[PDB]
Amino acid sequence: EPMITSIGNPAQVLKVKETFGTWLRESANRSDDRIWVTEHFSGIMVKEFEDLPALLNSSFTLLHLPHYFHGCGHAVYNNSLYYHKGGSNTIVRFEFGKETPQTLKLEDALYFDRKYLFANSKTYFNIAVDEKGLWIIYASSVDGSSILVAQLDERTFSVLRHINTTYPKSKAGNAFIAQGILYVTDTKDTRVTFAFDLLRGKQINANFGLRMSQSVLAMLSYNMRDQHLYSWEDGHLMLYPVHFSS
């Protein structure tokens, strides 16, 4: 059971003007160099870059999505974009290059009226993929607070388990998932201060630094392919190395 015990210094890949956005790469065992970007809290377009030099030179192809996205909690896995359909409790899986979009409903989830999972990034849902599964982090519309995690079946894009962490969303700045462990940041998004073992269904101790900057953190996402954290911090696109104890 490998645990993160510290985070290394960030490497900045690009500075853009936009406060909020995402930048994402493939994590499946698919040596794909493409980068996908969204800008702002909502929209219908994704920018596809062929590789990092393309991103550095603002050379993209615009992809029109079948449904508007909201927030900065998306993920790419197996040539597909997973994202929150704005104004609904629907999550979309949009497969690139063929458009076979699938959807699923999270009936018990907050999704509008600024009752955010992560207020700092105006995000209601955070899709995350890692070594142990495909996950969706969200907050309960039953109590308006508790952070829940759905574990998905990849083939059918359906929810197998709902996992209640019992952690209040008011205490969470953002989060990521690595080796089956949910790591949650403080409200200032400077330290990881809470963790939860998603397979054993139990809290586990975690307290370590993420970063020194308190600039607005829009996106925080683990990639199992290179074991780095990807972030968007007030227009600064960063990569952090991660240190596992095992």
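Numbering starts at 1 and runs along the sequence shown.
K.L.:
Read off the CA B-factors in the entry, average them over 160-168 and over 74-82, and name the higher stretch.
P.N.:
Mean CA B-factor is higher for 160-168.
K.L.:
Comparing 105-113 with 130-138, which has the greater mean CA B-factor as deposited?
P.N.:
Between 105-113 and 130-138, it is 105-113.
K.L.:
Whose C-alpha has the highest temperature factor in the PDB entry: 193, 58, 27, 221?
P.N.:
Checking the PDB record, the top C-alpha B-factor among 193, 58, 27, 221 is at 27.
K.L.:
Can you tell me which of 181, 184, 212, 52 has the maximum CA B-factor listed in the PDB entry?
P.N.:
Highest CA B-factor of the listed options: 212.
K.L.:
Going by what the PDB entry lists, where does residue 97 fall on CA B-factor within its chain: lowest, middle or highest third?
P.N.:
According to the entry, residue 97 has a C-alpha B-factor in the chain's highest third.
K.L.:
For residue 42, return the chain-relative third of its C-alpha B-factor as stated in the PDB record: lowest, middle or highest.
P.N.:
CA B-factor rank for residue 42: middle third.
K.L.:
Once the chain's modelled residues are ordered by C-alpha B factor and cut into thirds, is residue 216 in the lowest, middle or highest one?
P.N.:
Ranked within chain, residue 216 CA B lands in the highest tercile.
K.L.:
Residue 32's Cα B-factor: lowest, middle or highest third of the chain?
P.N.:
It belongs to the highest third of the chain when residues are ordered by C-alpha B-factor.
K.L.:
Please place residue 197 in the lowest, middle or highest third of its chain by C-alpha B factor as given in the entry.
P.N.:
CA B-factor rank for residue 197: highest third.
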